């Protein structure tokens, strides 16, 4: 009553079964590669029923060395991963195999990685600021406790550095559990994160699930689901606050699109799978805080070729409560974190939640920066003197504000040698209220570059001669 | 019998069924007959694919109009071959090797298959030796390599063929070796003009002409280059002669390959090109090369579709060249001839180690000035030079004079303008452009630098315009 | 230094061209020498004996694909039931059953609508209401059993009925005790068809009427003084029930099916010339040992092999051709 | 004239060698072929990616496996394939010989020599698709790989085990950077210490043959071939070799990396690998994606570049540093392959033609270039002197654009101009790490503020020469202790 | 000077190769005979 391999084309494998023994959709099947140099056990996830007792499956491991006709065994259940407090402090792969301690967690309770999202009647909007000590984030994109946070950005703009910074600034003193899903990213970064968490002593409270970019598309599709299953167990069963870090969530979509045509699906616009939005919706709707059970999730969303209109990030946008959007233009200026204050957003950025003063200051900053963006071209072509005195004042104010929104982050020390700094929310609001009022117009704009609070500003201006 | 029969005909591509055990090998030449009166002929088909069930897909070298399903097809047992030897010099041939000016000529010559592997890697020797042409822009900014590969990129009507004729005039006339000209997918009247001109200049006796032109099926257009290359290869290998291989236009070979691939049923690549675009380009180009002790100086005209240098064809062509002269529509519009883009053209031997420190320094200063001029074009287009600083104004005047001076009254341009061409020694070019960069001609009018040779012509034209040098 | 390095490189290159020229001439003249040597028949016999030996020392190993699961199971059930049922029928009954089944198969081919609507108990009732008396009782039983199961593709039904007709013809041949005769005749016919690819291709065009090609085969190859009647009829109905497959392919398939029913397997052995009867017995013994089951051996004469054996079964070949060894050695000289 | 031993004794050795044992094996049959692809019926036991032996010594690789047939890519000499030919299993997936004999040799993607210098003695064989090191088999990148280029070494430092992408338009100095990086390892090679030695692999994909010869000559002149291997897949090679060569080079490098050695692998360039893989996939009729590329092109590059890694001490501590090259088109980094590779590697060095024409050579675009290892891949002295150089230059470029002033702004513009002049460097002129430290010290500490901009370069040069003529203890101290002591700073 | 050295070396090595080709023809017969013996798995007199 076991099937056999019929067709092999990269990560997609067709398997024939006896009538009445066709595995259910998403069941995990086991095949064997007996070639010595690559001997292994292939896990195949049933993707489609092709009729005539054939099923199309997506391999989790590489199919090199697989032979047509080899026996395929149906496990009778979907891919399941270990759950419980025991997964904290260890590294797993998409299938739940422990990496640092092979064989560990084999006897834990196992949960299917395929799960329906919480019922709508259980949902409750989350409106509660999550202070981070980052001036730009706290002022213009206030994060939400138990909300959904994304860091959009192109390749190499600082998404990972900002994830690590938020792990430092949030997960260090976090009272609950942390789950980090490395999805289709660099193995070196995974090792670095593992070592850094061990050094910070945060590993004992964190479960790491890694499926890197060298893995086949199936692993990159399902690693996010595995990590989300662990986080869901912590949320629902243990009744504990959870921190869910995902880097990079776009790799889930990309892996899905890599196999879309091999599964026989007509491609959609921009080469994506037709089921882009639906698969994204299932995954993202699983990542949520239900009434009384909190998940504070922070995802890094890769924006291909810096094109924010690309279907992937464009579809992802709908699933977030706060979005910090990193810009290539800001990055190339040396402003760090390379946040685009004119494009980022937060649902709790309104007078009701953050208070009148915070909202007024943030709106004034945004107005000034928008005006500066409007005048950029005129300044470049006709120079500055052709602007009105009011616009010259605004341009100076805007340049100083733009520099001050930069900050020396802890996780960025390795790249600058300058130890990071933290700025309380009240200090940020007061400092930017002073900036928008032209209080610090006498200081050079360079004094505002990569500093923390107002004391740092005074110190750096003094090092430059100017007096605050 | 061991003969096949036509089963499918789709344009210049024909499927032929053979008895099992008689399936021709890939690239074999087959012969079929068209009997209809007006179009009666003998089709030469080249085996391109094995389809299974003893079917072969073949490319026709002549139009298949009038061909009938079921006609007999005979396998010659060998690929297309062309005559080789000193006898091919002075004569005009087609892709199949038939002589056009003297039909039936060369049938008794040695015949070489037009398909062969490129030279072994251990036989390849990099060539770093400047081939001086007398053109200021070419000599200064994109020096040509003797025994190397030169390309002239350009859109439609920017002066690719005129520049090819210019290089024939400058390099081929005073050449002791053999020249092979390959007209590929170009105007037939251009071929007739070249033939007449070569006869007039007494260069034909040292030249072999192979023409497969626009009004040909894609198979002929994509195999004529191989035929001419085979003639050049015989001259290089079997006779130890210096060879000049002129090709115009290689993009036509690529485009014919694309049409053939569409006919063959292959899945299109980007921009509709054949999936095996880079590979066909590579085989053809790597057959064009100078081995150790055996020199081929090849010059190829590359058409750029819709002035799109990003198009896959020229983009893949770029990697096979030692020197690249990229003609620009922008430069052409200003009346500058040759319409070379100094900032886009390049040469692998423009380094101080090969051309000396003076040549390199002068060329780099010219390029820096022109780049700074191009960077200011945004401001100048809106406001003019008046808003630029004094340093920028001075650089802009210097750059405009330099860009005028890179133009030259070409030898082949006499037929258009009526003015005789000029040759400029390399040392004079270096010295003149050194003075231009320093600013020793900042007082002459710009028009004094337009379409002249060396500094003597500059002085004379300045005097005519009322200035003094 | 560059000049000296180039001199060394060209010296080595010339040495290598000389080396490869010596290799080419040496291999060519060694090939000629061996071709001359093998002309002795006792040399061929000794080579065959050596290869047979190698076959004995070489240790054994434990180890209809086009059909799918549903079609395969249906065909297996139908053939088993046919063997159980029709075995007791008389030779004349077997001939009548085979003719009726062939007629049924050609009819079903003529109208594909019925096959389409039937591949997916009422099937039987339809069969009696259609052709209850047009076919004998045994033929109707076999046809109703055939339609009893389902088929992955409608073509599998016509394939199954053709298989049943072939089985009936083979059964009548066996009852007469001439299974070996029909097997040898089928193998020879396949051999000659393969020898003349043009004739096979001409016969392979299903577009032309079946009757014309059947008459061609009868008055060209099938109908001759030294042809078994059963083989003649089997091949005739096979060519008449053709669906674009090459005639040689159909003939070899029929031979394979016949030997499969015999319980053995086919083994096509090629050699420069025919081998002695003792050599034949030894080869059969070693093949049966190596594959663990009795295997019929069919001899092909082709001097190009210049000795040895080229046994092939189940898509795997054990080659002893002297020409193959010569080519391998030729490619073995860098 | 001839030793008469190899020429004559080779045949005797070969005949003594041709055992030619009888083999029982599955044979398939070619059913159709053309353009470098071939379909083979039979071979029921063939593996995915298995190597197949066609007649005449032609090799293929089984890529598509279905019930009907097997679609295979021919690895050269595809014109000898005919319908009906016999195809033989090899029983192995793609693998190449590996060993120390490959140093100084030019080979094809199968490991066979093409330099015409004789057979290579292979230590062993290695499959091309072995898994990359896991998360727990690595360690942090902490050893600097000195390229000798001031801009790269001070602003986008490369550590051992890092993947740094050299991306730019054609004729922007990408190969110049990579070859200079290879040549800069000569000093480390001569020390003889395997912990400092870097063995180099240069993969040429789709390059003109004479250009590969030019690279080989440039390496021979600088003594680089003593520790360098070249894997060549010139433009005339079959699309199979172009698709396969980076994997062959990676396997050759991995053999050394897993044996405690440090390897630098250059891919020149991955754009042509992607083109060849797209050609193969289209000929196999696999559905295409953006720019007709197969859906798994990102996987193609990612699994290749993830084998460049720094191994943990338990695995010997070896490393393989990757230097993939990408040729952008019209300076667009938004294209498919450039975006994929940029998202794969550990930073990038963007080379721009506009910067190159201005005299900024190497034409590193400071603002968008970055190293993702950072100070960890630098010695202490370089970190201190060049702590914030990249961001300083980004600010300088932004302010230069704005200014089209205040005293502070003028000071910033002057300092930035001096730093930009400082980072310029000729070709084939590497700088030792200590010289780089001193030059960057001059630039950043302000000692060039008193020098005219156009003089900076000359000044720098002369001053370094001075320190080599006398006061050489500064270079010695920097080189030995890896940090500039405050006493050495004062001196 | 390097061109002259290359030319004279070309002539000398061409003569060397011609002489070697002439000389080597004596022993090739033994090579081919032993190859025939091996591929026939038995000693061959010729």
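Should a chain be cited, it is by its letter among A, B, C, D and E, assigned in written order, with residues numbered from 1 in that chain.
Everything that follows uses one rule, which is that a residue touches a chain if its C-beta (ideal position, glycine included) is under 8 Å from a C-beta of that chain, and two chains touch if they have at least 3 such contacts.
By chain, UniProt protein names: A, B = ATP synthase subunit beta; C = ATP synthase subunit b-delta; D = ATP synthase subunit alpha.
Peer 1: Which of the two pairs, B-C or D-E, is linked by more C-beta contacts?
Peer 2: Most C-beta pairs in contact, of the two: D-E.
Peer 1: Could you work out how far the Cα centre of subunit A sits from that of subunit B, in whole Å?
Peer 2: 52
Peer 1: Averaging over Cα atoms per chain, report the distance between subunit C and subunit E in Å.
Peer 2: 49
Peer 1: Counting in whole Å, what is the centre-to-centre distance of subunit A and subunit C, each centre being its mean C-alpha position?
Peer 2: 62
Peer 1: Nearest whole angstrom, what separates the Cα centre of subunit A from the Cα centre of subunit E?
Peer 2: 70
Peer 1: Would you mind listing the residues of subunit C that make contact with two or more other chains?
Peer 2: Counting only residues that touch two or more other chains, subunit C contributes 6, 9-10, 13, 18, 22, 26, 325, 329.
Peer 1: Going by the contact rule already set, what residues in subunit B reach two or more other chains?
Peer 2: Correct list: 20-21, 122.
Peer 1: If you look at subunit D, which of its residues touch at least two other chains?
Peer 2: Residues 2, 7-8, 11, 14, 18, 20, 44, 67, 116, 288 of subunit D each touch two or more of the other chains.
Peer 1: Chain pairs that touch, all of them, please.
Peer 2: Every pair of chains in contact is listed here: A-B, A-C, A-D, B-C, B-D, C-D, C-E, D-E.
Peer 1: Sort out for me which residues of subunit B touch subunit C in the complex.
Peer 2: Listed in rising order, the residues of subunit B that touch subunit C are 1, 19-21, 122-123, 292.
Peer 1: In the complex formed with subunit B, which residues of subunit A make contact?
Peer 2: 381-382
Peer 1: Give every residue of subunit D touching subunit B within the complex, in rising order.
Peer 2: Those residues of subunit D that touch subunit B are 30-36, 39, 78-84, 106, 114-116, 170-171, 206-214, 217, 232, 234-239, 242, 272, 275-276, 278-279, 282-283, 285, 288, 291-292, 329-330, 353-354, 357-359, 427.
Peer 1: Hey, which residues of subunit B end up touching subunit A in the complex?
Peer 2: Residues in contact with subunit A: 378-379, 382-383, 387.
Peer 1: Could you pull out which subunit E residues touch subunit C in their complex?
Peer 2: My answer: residues 2, 5-6, 9-10, 13, 17, 20-21, 24, 28-29, 31-33, 35-36, 39-42, 44, 46.
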